[PDB]
Structure formats: structure tokens, C-alpha cells
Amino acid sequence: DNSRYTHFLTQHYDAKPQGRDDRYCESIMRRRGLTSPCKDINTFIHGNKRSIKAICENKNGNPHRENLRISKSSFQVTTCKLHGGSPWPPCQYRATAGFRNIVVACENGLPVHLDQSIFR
């Protein structure tokens, strides 16, 4: 019911990250259980949760493509991209810190999906 929103938070939300370098990515990807198999790309959104939720309303969002929403405001983000040939741990990640608007899918006014294509 709210399980998708809570899984969005686990996969894509980190309120106040510690130094957004490769070691941040390798650590947080483990902590969030995204390392079996190694997820190929994943982006974390920083700042407060309320700004992300607001994308689902007209406050901080517009409709986008087929049933996505795109934010009006820009977010501090960090993209972890897997390096090395192997799908399996240890999972080495290159971090790319970014600042831009983001694309989500909303369900019941909650974000339940992050569109990763924009960070590739």
C-alpha cells in the first residue's frame, strides 16, 4: 500500500549524505541492500522528503511523457554507476554528484519510481 513509497526511500533517498564520492556510493549501495546482484545504476536524491513528494502535485511537478512527473525544482543528487565486468560483489561504484530536476512516477501522491534514464 505504502510499500512502494518506502522502497523508493530505501532505494533513492539519502537526506544528508557523507561526501558524495566513490566510497559513499559503495557504502550506501551495501547499506540499502542494492548489491546482490550489483545494481548497475542508481541515484540518490538528497534534501528533504517533502520536496520529492511535492513532485506528485502541481506545487513542484508537471506531467511528463507517459504517466511520469518531472520536478520544477532542482535537487542535489548522487548517481552510483557500477564499474568492472562482474554483476556480483564486491560492487565498485563511480559516484557522480549532480544538481538537476528529477523524474518520478507517483501513486496516491507518493513517489514510487525514479526514472534513471536521465542520469545515464
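The first residue of the shown sequence is 1; numbering continues from there.
Visitor: Per the record, averaged over C-alpha atoms, which has the higher B-factor: 76-84 or 55-63?
Guide: Going by the record's values, the stretch with the higher mean is 55-63.
Visitor: If you take the mean CA temperature factor per stretch, which one wins between 85-93 and 40-48?
Guide: The entry gives the higher C-alpha B-factor average to 85-93.
Visitor: Out of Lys16, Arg20, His12, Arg100, which residue has the highest Cα temperature factor in the PDB record?
Guide: Most elevated C-alpha B-factor of the set, per the entry: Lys16.
Visitor: Using the temperature factors of the C-alpha atoms in this entry, rank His7 within its chain: lowest, middle or highest third.
Guide: Its C-alpha B-factor belongs to the middle third of this chain's values.
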